[PDB]
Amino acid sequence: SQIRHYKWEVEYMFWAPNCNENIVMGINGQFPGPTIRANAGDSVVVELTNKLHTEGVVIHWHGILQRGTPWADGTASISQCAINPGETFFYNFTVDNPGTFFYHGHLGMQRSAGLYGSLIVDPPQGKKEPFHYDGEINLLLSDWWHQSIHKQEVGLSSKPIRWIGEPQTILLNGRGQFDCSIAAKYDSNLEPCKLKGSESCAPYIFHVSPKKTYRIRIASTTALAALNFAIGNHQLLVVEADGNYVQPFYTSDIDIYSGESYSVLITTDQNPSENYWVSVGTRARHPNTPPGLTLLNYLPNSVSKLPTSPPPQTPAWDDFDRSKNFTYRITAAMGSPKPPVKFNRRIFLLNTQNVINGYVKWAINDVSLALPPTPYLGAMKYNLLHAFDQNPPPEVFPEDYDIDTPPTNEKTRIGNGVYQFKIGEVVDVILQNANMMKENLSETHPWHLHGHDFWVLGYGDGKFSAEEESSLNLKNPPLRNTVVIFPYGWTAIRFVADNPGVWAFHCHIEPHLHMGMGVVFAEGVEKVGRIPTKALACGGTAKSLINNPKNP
């Protein structure tokens, strides 16, 4: 096992992701940030200096379990106090298992401004992957707004709310095109982009040789968009989902929601004299954004040799039946860990959009999360019982709640209590979707749990009821970190609370998390060891720990 050491500075810079200049949050002058790659078993050490002028910052490693290092999770106000300007924090953690992961900002809406990058983990040195491939292509998907994130943050916190709107561009490895299309030769209404390929917004072309097999690692850090990925004329075979192996299956395209990572295999068994289209189209919301496009360039053909066909037409945004047909087909690879069969706790969380005191907020069992200035992990290790609400948050919603109609908002509160588990508890979480404030509307929401992987026991329509117990999958369920709830539906997951620390479980659409959509889980905090001083040096933790008497 090696120690992989990175030394990084976060700083804003001018950049033009879609050839339109704005400021982006860069790491060591790069947008997207540098790739961390390691082998399972290695220690990763990142010393990060903050060089934003007035802003704190933190970096979360999405999908890394942080087992034994809960202080390195990178979530402001839950694992640590943010890192102040001009200061340096060390994130030292181990990578336990292979898979496609990524890292991103977790303080405010800093991740929509560009703070993200890939973190890939390979098998232990000497071991090999269960499947063979010749080459690898890595792809990080995100979305881009031309508006400042500091104005987006303010507009989402105003009465009337000012929603961020659909993004302007879909970004493939940090690049995209606004107001022109690289596939404009198939439709005279489209404006041709003039690009020699040397520009910051020039497509990242996938180069493949004939008759080979390639692993395409795909990860999503979209702030809002749900995407559909298809290459013209090529079957995709799914082999990996969120750092875990799934039972292989072919599909013509995959849907990917923010927080998910997949690895697909392709074989370049097509006509070798032409190049093919890669389309990343928006679904689950009425599209207002052009698709992200690039070429699968069969070498030696000139990359300017355009495909004979158009890009694959993206599937209808609202055909949720086609989306469930994909999602329900995902099962654990033969030989994967099977769940505990009985649970020790089952919690029900109702997801609603609400209007609290004029403000539109998202609530979970009528509590919209407002994170405290004291980091929960420090607060609970030092038993600071005034830092947040000690009263246990609701583990059930009312059976007279009608999920087909707008909230009444009669009892909706903002809060910051923590669900607490005992070390070793098996927990089931049933996520229940409902109608939003507008009549006859319910949306998809990706939910991601920090510091754990869970088994996806099942999905259903309407409200979960006891009749649905026998449909939950206990033989084959997939292990994931991100899961979706569909319009008016439920999704059930199970996990063992075996990892000491305080972990966020939240919706991965960033405006939703900004508006309160997430909860806090804590387990076995009695067993957490020493926390770095910098993760404690704010709020009530620094108040009790800094000895500064008076008269003494």
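Residue indices: 1-based, along the sequence shown.
*Asks:* Going by the mean C-alpha B-factor recorded in the entry, which is higher: 270-278 or 451-459?
*Replies:* According to the PDB entry, the answer is 270-278.
*Asks:* Averaged over C-alpha atoms, is the B-factor higher for 301-309 or for 164-172 in this PDB entry?
*Replies:* Mean C-alpha B-factor is greater for 301-309.
*Asks:* So among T75, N440, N383, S158, who wins on Cα B-factor in the entry?
*Replies:* Answer, based on the entry's C-alpha B-factors: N383.
*Asks:* Which one, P393, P337, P291, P85, has the peak C-alpha temperature factor per the PDB entry?
*Replies:* Of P393, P337, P291, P85, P337 has the highest C-alpha B-factor.
*Asks:* Which third, lowest, middle or highest, does the CA B-factor of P398 fall in along this chain?
*Replies:* Top third by C-alpha B-factor.
*Asks:* Going by the entry, which third of its chain does the Cα temperature factor of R67 land in?
*Replies:* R67: CA B-factor falls in the middle third of its chain.
*Asks:* Looking at the temperature factor on the CA atom of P130, which third of the chain's modelled residues does it land in?
*Replies:* Answer is highest: the recorded C-alpha B-factor places it there.
*Asks:* Which third of the chain holds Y359 when residues are ordered by C-alpha B factor: lowest, middle or highest?
*Replies:* Lowest third.
*Asks:* How does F249 rank on Cα B-factor within its chain, lowest, middle or highest third?
*Replies:* For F249, the deposited C-alpha B-factor lands in the middle third.
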